[PDB]
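Read the single chain below, which is given as structure tokens and is the form solved without 2-(3,4-dihydroxyphenyl)acetic acid.
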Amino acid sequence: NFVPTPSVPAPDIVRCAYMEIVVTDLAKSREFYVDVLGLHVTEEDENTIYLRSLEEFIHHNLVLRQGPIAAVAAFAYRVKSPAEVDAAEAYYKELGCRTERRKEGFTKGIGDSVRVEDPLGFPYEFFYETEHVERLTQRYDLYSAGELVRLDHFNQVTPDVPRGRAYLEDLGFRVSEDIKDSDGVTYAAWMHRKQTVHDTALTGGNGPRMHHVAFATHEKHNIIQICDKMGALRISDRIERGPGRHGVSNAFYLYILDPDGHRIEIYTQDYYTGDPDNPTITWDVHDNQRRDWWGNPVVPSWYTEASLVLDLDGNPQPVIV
């Protein structure tokens, strides 16, 4: 059952831009994201912390918000111009989705924004205006040995990947890689607007749930340093999977778990997908190299755990099996 294709154009989406995460103990979460991982504080107060990666100039890539139930409040995408916020609102209203528009934004440093409960149950935000901050690209005096340099993508778990895929294609995302069986059925898909492998990916499973949010480092040694530092801090039990090389995406990856169990991917090595006819790489569902190029052992929790997502009232979306 495909989502209908609207008669109005999709909003012109530039890239994933930030995620709003609800955490149960802000101070313990700050230790993880700032003291362990080195993300940069744009600004913070007692209940909210705004973080950005090294090469970011928009206000933030992560908003950590204290709350009663750990969950993801919003997956935010930046659109190309103010008119595209109006386009986003019109598109989701034609789809019959719940929408909420706030001229002054939902998170600090972001202006006119529309949030929607999308067709797959996810809270998506579209915005254009954002407060610019000092871009720390060349602030090597602040560079840590495990520096996270850029926000790259989201990964969502949903029960019907083919439905999800066609919905995101209509939204303008293109598939750089997918996993299919012999009958041509899509089991997972990596989808992009910007010129990397993906801005989001759809993973088959119980959902809506947030599988992970991902940041890139400049080189492989930076990822190894994150592992080494976690070992020295005696929190290696928070390293869930990796380091490894994924066949799909070609990423050298690491998955770690924050204090509430939210999964963060840190990776490096991506490749250019910007040409109009970029060739889709289709992996067979039985090729193990799709998961691990090197054959690394399977970690069960990577296939069972994922974060709840919220609706526009701040309540968890029930997870459908």
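The first residue of the sequence shown is number 1, and the count goes up from there.
This protein has a second form, the form solved in complex with 2-(3,4-dihydroxyphenyl)acetic acid, left out of what is shown; the following refers to that one.
2-(3,4-dihydroxyphenyl)acetic acid is not shown here, and in the deposited complex it never comes within 4.5 Å of any heavy atom of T158. In the deposited complex, 2-(3,4-dihydroxyphenyl)acetic acid sits within 4.5 Å of a heavy atom belonging to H212. By the criterion of a heavy atom within 4.5 Å, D258 is excluded from the residues contacting 2-(3,4-dihydroxyphenyl)acetic acid in the deposited complex. Mapping the unseen interface onto this chain, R291 counts among the residues with a heavy atom inside 4.5 Å of 2-(3,4-dihydroxyphenyl)acetic acid in the deposited complex. Taken together, the three residues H60, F106 and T130 lack any non-hydrogen atom within 4.5 angstroms of 2-(3,4-dihydroxyphenyl)acetic acid in the deposited complex.
This chain is drawn without 2-(3,4-dihydroxyphenyl)acetic acid; in the deposited complex, the residue among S249, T186, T217, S113 with a heavy atom within 4.5 Å of it is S249. Checking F122, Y91, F173, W190 for any heavy atom within 4.5 Å of 2-(3,4-dihydroxyphenyl)acetic acid in the deposited complex turns up a single hit: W190. The stretch that touches 2-(3,4-dihydroxyphenyl)acetic acid in the deposited complex, counting heavy atoms within 4.5 Å, is 150 to 158, out of 150 to 158, 93 to 101, 73 to 81, 164 to 172.
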